[PDB]
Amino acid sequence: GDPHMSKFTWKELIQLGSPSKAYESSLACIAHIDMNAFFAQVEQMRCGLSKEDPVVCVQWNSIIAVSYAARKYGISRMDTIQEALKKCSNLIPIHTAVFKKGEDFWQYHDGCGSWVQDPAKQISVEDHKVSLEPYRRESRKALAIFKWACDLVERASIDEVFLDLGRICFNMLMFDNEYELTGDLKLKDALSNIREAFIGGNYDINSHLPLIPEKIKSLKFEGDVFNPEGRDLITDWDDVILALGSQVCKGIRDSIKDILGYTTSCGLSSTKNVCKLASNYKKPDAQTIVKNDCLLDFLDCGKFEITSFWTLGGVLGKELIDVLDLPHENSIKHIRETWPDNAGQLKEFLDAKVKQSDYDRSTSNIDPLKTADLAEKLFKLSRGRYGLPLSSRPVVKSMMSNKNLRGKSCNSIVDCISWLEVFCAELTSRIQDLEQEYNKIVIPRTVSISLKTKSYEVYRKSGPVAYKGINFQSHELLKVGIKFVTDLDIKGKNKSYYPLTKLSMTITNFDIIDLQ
């Protein structure tokens, strides 16, 4: 009993086979996979260049992605192209594709940009908008590969996915009769006791698993195991599952590399939040694995603060630093040691801060009715044990077309509508591509126009768009756009308004119809 048995139960293991519940198991095996230098790799592949070519993706005068080759010269995202040229004589800057105002398609103008001397080879900010479609297209191809490999994939941003490897790990653990640990030892023989129990079917779901067999310690992790204290690699079933998951994840990443050409970095752990930190730890082309017994070593390595966690990077994180009196460094360890035993300790502390007459609820981002959830979230995050589910997203949720405007390039309603015509062409084209690619009817329901005046004042309007089929979709979007921009022009009467500094159209709500 107890230290004579695993820390984990049959329930926790069997849960890995449930897509709805696998994430809440302490045995969960989550991967976060992030494309290295994504937009720069897309341009590299498009132009038939190699990983040794110092490519940068350029948007107007800013570098928005830097190849690992260019990084060797000290080039950083948001360098200007001129600053980058001073660091690397052999630099290959490639401008994003663009739409020209007055046209209804996008294209690349290779050999063109602000760095080019020839005045015939400029891509003027007055006259063009960006197309990110080449990057979106490649993102969707990658998504298709991830979903072919794994039954639960969350697209987290244009170049990131989370994978729940629970079913793959479980199935391998229990059923894989071919996997070799050594030249003399198969996985099936190493795990003969647990497989016998499982097939025998005689276990109690609430009973602890047996201690791991010595023979499973021959199982190898694939990738970089984060382990500065030199802890034993395989000591319980979580380590077994994680090691199996590292083997599978390398195979998935190799499929991405072989089919599309892209290198990835990857984080492997029992939770999404730790995976995301681990994927960014080592780049390019690496997989960082964070064992449960190494979570505190990792979180406390000095790279991370509580604000490093998803949702805590902005004003709520800053409020929590003030409310919880967190230090400027080693805040994660501080949270852990100050409320060491349970989340109720932290909840009690929060409730007192919040119940004070002088706490301003109208400006706070803390919900005083939800302090139990906040306390548990902070308690578990500080220990690397906050498990969030993965969501499989619809084909699309929202779609935006945006132009930040310089000079007088939008100086009247005539100019606004000219830009709306580009937005409507772009959005309709994106919708048609999704319909073809996923065999759906994709129907915009709501549109929002947002703009900024010369004084940077925001004006916005949203409402319904009618549907008449794909062949009338651009027209239906433009009808609403024109309506909204003229309405806002009236609202701006006698106020600082033209020339605008920004105009955007967003389809904020879609209906998606499946076809047989």
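All residue numbers refer to positions in the sequence shown, first residue = 1.
Participant: I'd like to know whether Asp118, which is modelled here, goes unmodelled in a third or more of the other compared entries that cover its flanking residues.
Facilitator: Result for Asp118: often missing, at least a third of the compared entries.
Participant: Is it true that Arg361 goes unbuilt in a third or more of the other compared entries of this protein?
Facilitator: That residue is missing from at least a third of the other compared entries.
Participant: Quick check on the record: does 74-82 or 301-309 carry the larger mean Cα temperature factor?
Facilitator: Averaged over C-alpha atoms, the B-factors run higher in 74-82.
Participant: Comparing 245-253 with 422-430, which has the greater mean CA B-factor as deposited?
Facilitator: Per the deposited B-factors, the answer is 422-430.
Participant: According to the deposited entry, which of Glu178, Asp322, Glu229, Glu222 has the largest Cα B-factor?
Facilitator: Of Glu178, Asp322, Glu229, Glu222, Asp322 has the highest C-alpha B-factor.
Participant: Which is it among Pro340, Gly384, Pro119, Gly344: the one with the largest CA B-factor in the entry?
Facilitator: Answer for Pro340, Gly384, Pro119, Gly344: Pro119, with the highest C-alpha B-factor.
Participant: Sorting by Cα B-factor within the chain, modelled residues only, which third would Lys355 end up in: lowest, middle or highest?
Facilitator: It falls in the top third of the chain.
Participant: Within this chain, which third does the Cα B-factor at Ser20 fall in: lowest, middle or highest?
Facilitator: It falls in the middle third of the chain.
Participant: With respect to C-alpha B-factor, does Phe484 fall in the lowest, middle or highest third of the chain as deposited?
Facilitator: According to the entry, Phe484 has a C-alpha B-factor in the chain's middle third.
Participant: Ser401: which third of its chain by C-alpha temperature factor?
Facilitator: As the PDB entry reports it, the C-alpha B-factor of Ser401 lands in the middle third of its chain.
Participant: Sorting by Cα B-factor within the chain, modelled residues only, which third would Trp115 end up in: lowest, middle or highest?
Facilitator: For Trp115, the deposited C-alpha B-factor lands in the highest third.
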